[PDB]
K.L.:
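For reference, the structure I am asking about is given below.
Atoms considered below: every heavy atom in the structure, side chains included; atoms not considered: hydrogens, waters and symmetry mates. Just follow the structure's listing: the first ligand is 1, and inside any ligand the first atom is 1. We name chains A, B, ... by the order of the sequence lines, and we start the count at 1 in each one.
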Protein chains: 2
Amino acid sequence: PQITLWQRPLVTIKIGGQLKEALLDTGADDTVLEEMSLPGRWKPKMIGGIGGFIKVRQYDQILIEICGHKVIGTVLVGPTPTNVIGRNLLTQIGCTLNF
Amino acid sequence: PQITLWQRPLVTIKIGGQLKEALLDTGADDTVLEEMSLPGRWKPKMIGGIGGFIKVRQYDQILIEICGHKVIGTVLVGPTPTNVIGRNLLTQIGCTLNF
Ligand SMILES: CC(C)(C)OC(=O)N[C@@H](Cc1ccccc1)[C@H](O)CN[C@@H](Cc1ccccc1)C(=O)N[C@@H](CCC(=O)O)C(=O)N[C@@H](Cc1ccccc1)C(N)=O
Ligand SMILES: [Cl-]
Ligand SMILES: [Cl-]
Ligand SMILES: [Cl-]
Ligand code: NA
């Protein structure tokens with residue numbers, strides 16, 4: 001795809017068979033997700049956003065499908081109103097910013 | 001350019017007589033800069049992200065040069081940990097996401 005930015009770059013993703021909605025975010029180093037069931041063990045992490053710091057649950061080696069692109073990586077679960085796909089995963093589908 | 005995402009997509013911008021480094025951020029609705037002096041009228045605004053909400057000064061019709069484009073838009077100034085270029089200005093330089 002080529003996605004313009006007149007509206008939020010929301011895309012369907014698929015995790016553990018569930019379809020959900022996530023924002024493609026070039027300003028996010030990491031992928032941060034709303035509360036949901038993830039398979040393995042988690043460790044603690046703190047990360048910073050525009051509003052300040054939050055505590056998250058870090059899960060590794062998680063399979064996500066993004067617009068038909070399979071992707072495996074680290075996913076952070078915490079207080080967010082939006083699922084955010086960050087650079088750690090955008091680099092795996094070959095995403096670039098073009099102008 | 002075609003900008004890959006292995007590192008933070010930082011760009012030098014020119015605003016209110018000053019040179020700033022900022023983050024091309026497709027997950028941000030608005031442009032938000034670290035504390036600085038800017039010409040003109042401003043009104044207050046509340047914005048959010050990871051970590052919650054912050055209060056920022058909203059300045060309308062600000063001229064910003066980005067990679068040789070002179071664009072116009074609203075710029076917010078506030079206690080952000082980082083200067084961010086959001087979709088309101090990204091659309092104006094024709095920036096798209098591609099994969
Ligand atoms: C997601 C992680 C990995 C934690 O990274 C960042 O948050 N990085 C931010 C930059 C940064 C780097 C280093 C240190 C500190 C900050 C990006 O801006 C992240 N982009 C989004 C992430 C996001 C999207 C959607 C929901 C929550 C969070 C963002 O904050 N976007 C804000 C930027 C500020 C702005 O545009 O005004 C936004 O669109 N805010 C809207 C939408 C909104 C409304 C209410 C609550 C939350 C979001 C708004 N009108 O305030
Ligand atoms: Cl990863
Ligand atoms: Cl604007
Ligand atoms: Cl366009
Ligand atoms: Na690089």
Side-chain angles (χ1 to χ4, degrees), chain A residues 1-11 20-35 45-58 73-91 97-99, chain B residues 5 7-11 15 21-34 38 40 42-64 66 69-98:
Chain A
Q2 178 172 102
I3 290 157
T4 50
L5 301 167
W6 302 101
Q7 65 194 199
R8 296 162 176 165
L10 274 3
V11 115
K20 33 195 47 189
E21 189 190 50
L23 184 67
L24 277 21
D25 191 351
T26 61
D29 296 344
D30 310 299
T31 293
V32 188
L33 304 174
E34 295 179 43
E35 301 286 341
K45 203 187 163 62
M46 297 224 316
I47 63 182
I50 190 102
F53 286 87
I54 67 159
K55 296 180 197 185
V56 278
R57 305 201 306 274
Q58 172 179 337
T74 295
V75 139
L76 307 178
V77 181
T80 174
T82 304
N83 291 309
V84 177
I85 305 298
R87 294 190 296 100
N88 74 311
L89 300 185
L90 295 168
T91 54
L97 278 162
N98 290 44
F99 59 90
Chain B
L5 298 163
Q7 66 190 94
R8 288 176 204 216
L10 298 171
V11 126
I15 188 170
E21 207 70 8
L23 224 208
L24 271 30
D25 185 359
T26 58
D29 291 344
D30 307 307
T31 295
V32 30
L33 299 171
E34 281 180 295
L38 226 51
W42 64 263
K43 59 168 147 139
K45 205 194 180 185
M46 200 163 288
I47 58 157
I50 293 282
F53 296 91
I54 60 163
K55 243 198 157 196
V56 294
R57 315 185 303 270
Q58 170 173 349
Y59 291 81
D60 292 330
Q61 292 114 204
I62 301 286
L63 178 67
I64 312 96
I66 308 179
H69 298 75
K70 288 153 192 163
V71 299
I72 306 275
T74 307
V75 179
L76 317 171
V77 185
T80 176
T82 67
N83 285 332
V84 181
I85 303 314
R87 286 183 302 101
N88 74 309
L89 295 185
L90 301 178
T91 55
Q92 299 295 274
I93 64 174
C95 180
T96 58
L97 286 165
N98 284 265

K.L.:
Does the side chain of B:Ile66 come within less than 4.5 Å of B:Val71's, by heavy atoms?
P.N.:
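Heavy-atom side-chain distance check passes, below 4.5 Å.
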
K.L.:
Given B:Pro81, B:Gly86, B:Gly51, B:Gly48, which has its nearest heavy atom closest to atom 15 (C) of ligand 1?
P.N.:
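Of the listed residues, B:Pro81 has the closest heavy atom.
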
K.L.:
Any ion pair linking A:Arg57 and A:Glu35 (charged N to carboxylate O, less than 4.0 Å)?
P.N.:
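Here A:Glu35 pairs with A:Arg57 in a salt bridge, since their nearest N and O are under 4.0 Å apart.
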
K.L.:
If you define the side chain from C-beta out and look only at heavy atoms, does anything of B:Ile15 sit under 4.5 Å from B:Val75?
P.N.:
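Yes, their side chains come closer than 4.5 Å.
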
K.L.:
What residue and atom, counting heavy atoms only, is the protein's closest point to atom 45 (C) of ligand 1, and at what distance?
P.N.:
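Ranked first by proximity to atom 45 (C) of ligand 1 is B:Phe53 CE2, 4.0 Å.
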
K.L.:
Any idea which protein heavy atom is nearest atom 13 (C) of ligand 1, and the distance to it?
P.N.:
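Nearest protein contact, heavy atoms only, for atom 13 (C) of ligand 1 is B:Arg8 NH1, 3.5 Å.
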
K.L.:
For atom 28 (C) of ligand 1, what is the nearest protein heavy atom, given as residue, atom name and distance?
P.N.:
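Minimum-distance protein heavy atom for atom 28 (C) of ligand 1 reads B:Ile50 N, 3.7 Å.
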
K.L.:
Check whether any side-chain heavy atom of A:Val32 lies under 4.5 Å from a side-chain heavy atom of B:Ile50, and answer yes or no.
P.N.:
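The answer is yes, as the side chains (C-beta and beyond) meet within the 4.5 Å cut-off.
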
K.L.:
Heavy atoms only: which of B:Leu23, B:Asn83, B:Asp25 is nearest to atom 17 (C) of ligand 1?
P.N.:
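The residue whose heavy atom sits nearest atom 17 (C) of ligand 1 is B:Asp25.
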
K.L.:
Please work out which of B:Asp29, A:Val84, B:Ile85, B:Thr82 has its closest non-hydrogen atom nearest to atom 12 (C) of ligand 1.
P.N.:
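Nearest option to atom 12 (C) of ligand 1, by heavy atoms: B:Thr82.
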
K.L.:
Which atoms from ligand 1 have a heavy atom of B:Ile47 less than 4.0 Å away?
P.N.:
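With B:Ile47 as reference, the close atoms of ligand 1 come out as 34 (C), 37 (O), 51 (O).
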
K.L.:
Among protein heavy atoms, which lies nearest atom 31 (N) of ligand 1, and at what distance?
P.N.:
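Looking only at protein heavy atoms, the one closest to atom 31 (N) of ligand 1 is B:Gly27 O, 3.0 Å.
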
K.L.:
Give the ring-plane orientation class for A:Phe99 versus B:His69, where under 30° counts as parallel, over 60° as perpendicular and anything between as tilted.
P.N.:
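Rings of A:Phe99 and B:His69: perpendicular, as their planes differ by over 60°.
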
K.L.:
Taking A:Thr80 for its side chain and A:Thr82 for its backbone only, find out whether a donor-acceptor pair lies under 3.5 Å.
P.N.:
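Yes: the side chain of A:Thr80 pairs with the backbone of A:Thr82.
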
K.L.:
Taking atom 7 (O) of ligand 1 as the point of reference, which of B:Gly49, B:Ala28, A:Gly49 owns the nearest heavy atom?
P.N.:
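That would be A:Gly49.
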
K.L.:
Got a donor-acceptor contact below 3.5 angstrom from the B:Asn88 side chain to the B:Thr74 backbone?
P.N.:
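The answer is yes, because a donor-acceptor pair under 3.5 Å joins these two groups.
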
K.L.:
In terms of residue, atom name and distance, what is the protein heavy atom nearest to atom 35 (C) of ligand 1?
P.N.:
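Here the closest protein heavy atom is B:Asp30 OD2, 3.3 Å.
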
